[PDB]
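Reading through the structure tokens given below for one structure.
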Amino acid sequence: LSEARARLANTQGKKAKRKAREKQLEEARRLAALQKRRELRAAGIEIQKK
RNA sequence: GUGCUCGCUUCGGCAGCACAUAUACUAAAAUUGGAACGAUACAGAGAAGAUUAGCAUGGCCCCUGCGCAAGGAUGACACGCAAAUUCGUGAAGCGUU
Ligand SMILES: [Mg+2]
Ligand SMILES: [Mg+2]
Ligand SMILES: [Mg+2]
Ligand SMILES: [Mg+2]
């Protein structure tokens, strides 16, 4: 019954599931780089990026 | 530069005439930028359970190939809270002309 519910719920394949996780990881690394850049601008250190 | 001048006129010089008439992306440089795999960590291969052949499609994505062949993971990407013009009924409660 548990496998029945878990397979009646699913519609997504491999690539959609890796892209959703990749979007969450991109959001996480964006917030992390945002925090680092906000600290570098808050204390004041003008390191430029590429 | 050379030759000819019944040129001065010596073998020294000068004069005249003739022929000959415009190289070089100008550097042995100074500069200026974008770039070599590939190593560093991470990262993991589509199709509604799982294991999988693939053929396409589109373009500010390319690589290998002489290729209008064929490969590159079906080469990669594409996965979207997929909302575009324009509304009306019926009673019910409350306030108003
Ligand atoms: Mg599958
Ligand atoms: Mg092919
Ligand atoms: Mg395959
Ligand atoms: Mg293809």
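Laboratory data are not the source of any read-out in this text; all were calculated from the coordinates shown. So basically every Cβ, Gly included, is an ideal-geometry build from the backbone, and we count neighbours across all protein chains shown.
So what J values fall out for region A:24-34 if you push phi through Karplus, 6.51 cos²θ - 1.76 cosθ + 1.60 with θ = phi - 60°, rounded to Hz, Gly and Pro as x?
The phi angles translate into 5, 5, 5, 5, 5, 6, 5, 5, 5, 5, 5 Hz.
Mind checking the dipole of chain A: about its Cα centre, +1 per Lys or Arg Cβ, -1 per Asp or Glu Cβ, Debye to the nearest 20?
240
Taking the highest mean first, how do the peptides A:31-37, A:42-48 order by number of other beta carbon atoms within 10 angstrom per residue?
Ranked from most to least packed, the peptides come out as A:31-37, A:42-48.
Return a single number: how many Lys pairs in chain A, at a sequence separation of 8 or more or on separate chains, have alpha-carbon atoms below 29 angstrom apart.
Close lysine pairs under the 29 Å cut-off: 11.
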